[PDB]
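So the structure is just underneath, and the comments pick up after that.
Nothing in this text is a laboratory measurement; each read-out follows from the coordinates by a stated rule. Cβ atoms come from the backbone with ideal geometry, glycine included; neighbour counts cover every protein chain shown.
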Amino acid sequence: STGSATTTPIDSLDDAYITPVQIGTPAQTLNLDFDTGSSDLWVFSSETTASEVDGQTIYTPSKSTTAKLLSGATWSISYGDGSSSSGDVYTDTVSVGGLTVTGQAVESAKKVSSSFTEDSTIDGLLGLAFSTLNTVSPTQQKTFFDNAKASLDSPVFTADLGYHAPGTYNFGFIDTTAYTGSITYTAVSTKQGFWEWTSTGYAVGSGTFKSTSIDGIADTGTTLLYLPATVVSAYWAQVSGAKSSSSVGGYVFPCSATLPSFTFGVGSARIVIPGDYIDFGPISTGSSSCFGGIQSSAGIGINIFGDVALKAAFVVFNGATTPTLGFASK
Ligand SMILES: NCc1ccc(C(F)(F)F)o1
């Protein structure tokens, strides 16, 4: 089997991407944030504290003939931006782009933090990291991809995120029309439960490539590119007037600037992020200070190849017995 679904930016800055997912019988379609940095499929629901729902579409298990309470199971998760959610668990039929999994753990939110409430366009998350990170207790549950894997034509999914435009998540096949040149594959460590790999280095603009190992995670659920302070300083030093602002929470730059590109290495191959992808617009409405899309990972404890990086590439998440990651230009 295979599946293919369009993923759409939630706003004009590509702050996140949502993908329609069919849950239950008859189908209830919710728009979920596919997140290769976590492993829980959770949704706004009929059980979510009413004051914490503001415009989201909810899953109502009582209206699904295939929903079953997973007795005794609870979940609770916190994300890297400080947001969180928790609740109980059902199993139900879940389909993505024509690919169906029966008995998928669908984690129903009883509580969500303020930033989720404030995000009316995101109805939940669909985790695509390794199932070892799944938070369900006392019986850990599998991700959608892990449940689907055996049935897939090939044990892979791909992320093809658009810049200010829709893109695609495919399951079970590699669309050879969706990228240019060849796909370069690179080793993955699953030791921390992430799609963790090592970039071979970077360049800023038309500058020379610096060969240096940068360990980090391919994380579709993180908006920006978070890299070591040395690398980030070298980038922003090429933008007149750019500075790190503790009050804003990162590097900002004059909105009048033309940003340089940023290149990262994948083995001997190179992925180029155009300068425009690094612009996240005014820090507040009407401001001439703009927020940067490359930020320091110092304090996070891990480097994160988020959407800013991933959207410059066609990315293969290879879930073979020994997982790997593939990157191609597009
Ligand atoms: N800040 C709430 C929110 C929306 C999307 C996300 C997540 F992907 F990082 F989990 O968190």
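General observations
- Residue among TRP75, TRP195, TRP42 with the largest mean-square fluctuation in a Gaussian network model of the chain, springs linking Cα atoms under 10 Å: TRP75
- Net charge contributed by nearby residues that have their C-beta within less than 11 Å of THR19 (K/R +1, D/E -1): -3
- Panel note: the C-alpha atoms of region 175-330, placed on their principal axes, show extents of 49, 31, 29 Å (largest first).
- Debye log10 I(q)/I(0) for region 5-174, one point scatterer per Cα, at q = 0.20 Å⁻¹: -1.47
- The charge dipole of region 5-174, taken about its Cα centre with unit charges on the Cβ atoms of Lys, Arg (+1), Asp and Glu (-1) only, comes to about 660 debye.
- Cβ-placed point charges (K, R +1; D, E -1), dipole of region 175-330 about Cα centre in debye, nearest 20: 220
- Rounded to the nearest 20, the size of the Cβ-charge dipole of the chain about its Cα centre is 640 debye, with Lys and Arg at +1 and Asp and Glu at -1.
- Counting only residues at least eight positions apart within a chain, or on another chain, the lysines with an alpha carbon under 29 Å from that of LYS210 are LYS191, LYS243, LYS311, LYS330.
- In this structure, the amide hydrogen of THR66, modeled 1.01 Å from its nitrogen in the peptide plane, lies closer than 5 angstrom to those of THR25, counting only residues at least 5 positions away or on a different chain.
- Cα centroids of region 30-95 and region 142-159: 20 Å apart.
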